[PDB]
């Protein structure tokens, strides 16, 4: 893979633009909040982009018509964290790991997401039920040397 330095917020907005027309078609309320507009990271931009595409696509499918999506980026000390939240039904406890299987079907591309975030970047990806919805969170170290 190919590690470069990029602004994480610029990537997030780039992915939003890919889905902007769809989000509008479904009358979804979208918001993106960041605590650091000039948040940069050294990562594989293509692979992080793939993760974000999957998570936003999943959020749209999950939240459906008249739904709600919020992305939050957070500058932590040695790592960056991105939260992708949608309003919708909670992930049943019994499925919290199972959804990350390459054989999960109802899939959500989560097995590849976890490979990218955890194996390729030394980070973590997980889900929690919050605020009448579901969040998928990933974090990656700011540099491969902070891994």
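Just so we're on the same page, rigid core means the largest C-alpha set that superposes within 1.5 Å between forms. Positions refer to the first chain, counted from 1.
Relative to the displayed structure, the C-alphas of 96-104 lie farther away on average in 4 other deposited structures of this protein than those of the other candidate, with 26-34 and 96-104 compared after rigid core superposition. Farther on average from this form in 4 other deposited structures of this protein lies stretch 108-116, the comparison being between 38-46 and 108-116 by RMS Cα distance after core superposition. Per the record, residue 106 and residue 107 are separated by 4 to 9 deposited residues that are missing from the model. With 110-118 and 38-46 compared on mean CA B-factor from the PDB entry, the stretch scoring higher is 38-46. When the two stretches 79-87 and 92-100 are set side by side, the higher mean Cα temperature factor goes to 92-100.
For residue 28, the recorded CA temperature factor ranks within the middle third of the chain's modelled residues. In the PDB entry, a CA B factor belonging to the lowest third of its chain's modelled residues is recorded for residue 127.
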